[PDB]
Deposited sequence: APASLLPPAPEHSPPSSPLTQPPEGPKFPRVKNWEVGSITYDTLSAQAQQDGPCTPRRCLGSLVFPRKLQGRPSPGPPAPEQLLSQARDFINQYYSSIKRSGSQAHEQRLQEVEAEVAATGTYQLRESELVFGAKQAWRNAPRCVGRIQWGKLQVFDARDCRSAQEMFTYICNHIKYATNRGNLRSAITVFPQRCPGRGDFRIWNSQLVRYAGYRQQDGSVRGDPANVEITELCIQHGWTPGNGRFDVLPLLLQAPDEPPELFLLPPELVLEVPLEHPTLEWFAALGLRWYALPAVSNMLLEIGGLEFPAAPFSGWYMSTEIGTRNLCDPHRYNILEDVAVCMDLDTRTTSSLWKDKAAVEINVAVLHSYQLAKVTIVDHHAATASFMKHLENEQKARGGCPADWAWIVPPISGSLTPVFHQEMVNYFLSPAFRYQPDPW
């Protein structure tokens, strides 16, 4: 019943008793494992609400009586009459933290208790969303001493439309095509760029044009919103010893802020609830800049390093990738912008695992996403067996609104 979990570096054994509480079934069967897939393929609302409420009161040592009893009644009554319910603000804070804590693919969860919840539930229009987003970006960026923050927009209700940010992140670099179909800019953002132009925006020259937000309030078409250039903090990339690296003209923005996932708490669904923290350097250095389907700079940095690109056994890919990562770490530190290396981040995740073992009896973690995209077996997470499963509250993916 209770999976045995071993660390092959130490020899230590634990048992995931928290896996037993799993719910919204994942994609694996005893016949075949789909753990590597990126996407796993009125009287129930109340049951998910009762469950979430009992979570809250256990956490504050307050299961069994007073306002525990009482709060269970008012949601019962509220859904009985309205067919929905509103979360108390401290609950919305509690649900936000737990959803971060339950995110299997996030290696940064050692921070799950330090999160700033901006309550935008009284939001009413698209111009209002933009003002909230700017308070978020400003507070979250904090002149480069970055601070985790989420902003929660109104919980979708039936009969009325949906609050949805159209961009996948708040800061995204446009991607423009060519006679060759080939992109200038970031190829992951080709679709949202062509939608931005097809909505008034005026495409620019270069690789690092910060996209305009496409914000949409219920039953309205999206609305463009240009971002304040002083509010989009960016870091130009230099290398500590390769003097020519700066002249490649590479940049990356400071604030990773994901604005297209659905926050679910106690049976309510928040289609627009952008959250942000701070980068892990391999995300910028390895995936965004070196993926063949992203900026794909790997061969260009290898030529500058006079590496031999004619045979793979010179490990020229590995030498260039490491140095790109060094340049990210150096440039962010020189700019006083919070960043963390994959070694520090993974070592803290191990510490998170131990904390969460004694607290909740285990921790849902997705091995293929915790292990860094470079130097995997040199970080402790590589040697650590992990159990993956869905708990609530949770962040979920959701179809794009078109």
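What are the C-alpha gaps when you align the coordinates back onto the deposited sequence?
Those parts of the chain that were deposited but carry no coordinates are 1 to 26, 68 to 79.
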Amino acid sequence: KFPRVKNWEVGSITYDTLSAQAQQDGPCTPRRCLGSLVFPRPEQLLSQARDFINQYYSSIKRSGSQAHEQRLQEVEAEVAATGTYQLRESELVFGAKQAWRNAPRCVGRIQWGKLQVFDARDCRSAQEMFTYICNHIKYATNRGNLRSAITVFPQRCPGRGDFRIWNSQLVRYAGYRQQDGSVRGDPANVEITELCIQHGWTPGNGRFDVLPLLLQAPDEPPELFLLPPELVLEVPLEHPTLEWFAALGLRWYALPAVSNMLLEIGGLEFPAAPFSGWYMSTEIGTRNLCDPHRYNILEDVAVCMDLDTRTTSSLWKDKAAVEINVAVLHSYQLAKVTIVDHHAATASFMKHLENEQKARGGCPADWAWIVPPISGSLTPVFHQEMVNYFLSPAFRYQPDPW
From here on, numbers count along this sequence of modelled residues.
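For the two forms, the rigid core is made up of the largest set of C-alpha atoms that agree within 1.5 Å on superposition.
Root mean square C-alpha distance from this form after a core fit in 8 other deposited structures of this protein: higher for 80 to 88 or for 256 to 264?
Checking 80 to 88 against 256 to 264 in 8 other deposited structures of this protein, I find the farther stretch is 80 to 88.
To spell it out: superpose each other structure in 8 other deposited structures of this protein onto this one by the rigid core, compute Cα RMS over structures and residues for 337 to 345 and for 23 to 31. Which is larger?
Most displaced of the pair in 8 other deposited structures of this protein: 23 to 31.
Is it true that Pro373 goes unbuilt in a third or more of the other compared entries of this protein?
Result for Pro373: never missing in the compared entries.
Coordinates for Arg41 lacking in at least a third of the other PDB entries compared?
Looking at the other entries that model residues on either side of it, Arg41 is missing from at least a third.
Per the entry, where is the mean C-alpha temperature factor higher: 303 to 311 or 278 to 286?
According to the entry, 303 to 311 carries the higher average C-alpha B-factor.
So which stretch wins on mean C-alpha B-factor, 262 to 270 or 324 to 332?
Result of the comparison: 262 to 270.
Of the choices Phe94, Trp100, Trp316, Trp201, which one's C-alpha carries the largest B-factor in the record?
Top of the list by C-alpha B-factor: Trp201.
Residue selected from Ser58, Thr346, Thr29, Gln357 by maximal Cα B factor
If I rank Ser58, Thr346, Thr29, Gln357 by C-alpha B-factor, first place goes to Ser58.
Lowest, middle or highest third: where is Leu18 by C-alpha B factor in its chain?
Its C-alpha B-factor belongs to the middle third of this chain's values.
Can you tell me which third, lowest, middle or highest, the CA B-factor of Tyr173 falls into for its chain?
Middle third.
Where does the C-alpha B-factor of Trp8 rank in its chain, lowest, middle or highest third?
Lowest third - that is where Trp8 ends up once the chain's C-alpha B-factors are sorted.
Quick check for you: using the entry's CA B-factors within this chain, is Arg143 in the lowest, middle or highest third?
According to the entry, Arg143 has a C-alpha B-factor in the chain's lowest third.
Sorting the chain's CA B-factors, does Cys134 end up in the lowest, middle or highest third?
It belongs to the middle third of the chain when residues are ordered by C-alpha B-factor.
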